[PDB]
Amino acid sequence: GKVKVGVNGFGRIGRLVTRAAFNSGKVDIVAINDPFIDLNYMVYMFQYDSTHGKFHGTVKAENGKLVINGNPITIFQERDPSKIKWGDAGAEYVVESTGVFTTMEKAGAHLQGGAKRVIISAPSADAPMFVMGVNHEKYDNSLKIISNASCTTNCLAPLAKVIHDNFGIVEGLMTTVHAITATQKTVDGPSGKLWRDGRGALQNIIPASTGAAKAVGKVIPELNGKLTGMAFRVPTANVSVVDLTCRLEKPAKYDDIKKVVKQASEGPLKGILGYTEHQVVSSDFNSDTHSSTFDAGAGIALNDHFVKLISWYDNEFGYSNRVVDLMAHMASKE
């Protein structure tokens, strides 16, 4: 890979973006910042993964650097992002993955240390938002701070694009049945801002608010105000599913929907939007790099204008690979 990348935060998104970068070879990770995880612990956290298995390659600590597949990575331990010397480490792009510096003002602190561009691996209240395969062609070299939206927006937007382009979405309501995440608790504990999210993750189906369907309206401006939804967190370690109930303007028989989604999966959205007619379940998408995989057998139509469409997503690996693809696309435009 050609662009040199720095990763802020070695949490689940930071580690899996690093794993995707080395597995795909599309970008070169040269620096990682994390003030709470030391070098020897980073080796362990990167090498072993309960969900995705052992890293396929070599990882070791050598001379104060994390060396992955022979590539040395400078390690920083700064709490203040404006103090990270990204430029001295050669990091041109920075993936801001901590989840706490998501505004352009906060993510822009990485420019002080010499980074040229910042990619927020989460929704942002004000940064331009992108979804690969949907609006990445709207990216240009003047944008120094951008967001790759969320894993759920990356699942819904490619499907919504195909459905809207062929039949027109009059309105839609989404539910995502989502795997557990790092912000949840093992047993009933404090969450403060989101009380239901503090309840034991192993024991419960937990309703949760999500701006993912509304965010599709920013990535596909014609759907602004036409979509909203919510989520249920369930006790699975990984892989989630979107359930889009929509009204269509043009009549669409279910076989016509299958035809256009299959055609999009084989052409312009290949590798982004998948298509299957197999009797799949969530574990079949573990470590799958697609953003969205349409499940033809799981959906149901009430009539030609009112349908429920189902799409699977590995909420960890699909999204992490899209962060890398977005950076590779950005690098090709330099």
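C-alpha atoms forming the largest set that superposes within 1.5 Å between two forms make up the rigid core. Quick note: we count residues from 1 along the sequence shown, nothing fancier.
Of 118-126 and 188-196, which departs more from this form in 6 other deposited structures of this protein by CA RMS after core fitting: Between 188-196 and 118-126, greater C-alpha deviation in 6 other deposited structures of this protein belongs to 188-196.
303-311 versus 32-40: which one carries the higher mean Cα B factor per the record? Here the higher of the two C-alpha B-factor means belongs to 32-40.
Pick between 138-146 and 186-194: the one whose mean CA B-factor in the entry is higher. Result: 186-194.
Say you rank 50, 63, 276, 283 by Cα B-factor from the PDB entry; which sits at the top? Answer, based on the entry's C-alpha B-factors: 63.
Among 180, 132, 177, 100, which residue carries the highest C-alpha B-factor recorded in the PDB entry? Of the candidates given, the C-alpha B-factor peaks at 100.
Could you look up the Cα B-factor of residue 163 in the entry and say which third of the chain it sits in: lowest, middle or highest? It falls in the middle third of the chain.
Chain-relative CA temperature factor third for residue 126: Highest third, going by the recorded CA B-factors of the chain.
When the modelled residues of the chain are sorted by Cα temperature factor, does residue 152 land in the lowest, middle or highest third? Ranked within chain, residue 152 CA B lands in the lowest tercile.
Of the three thirds of its chain by CA temperature factor, lowest, middle or highest, which one includes residue 171? CA B-factor rank for residue 171: lowest third.
Should residue 220 be placed in the lowest, middle or highest third of its chain by the C-alpha B factor in the entry? Tercile = middle for this residue's CA B-factor.
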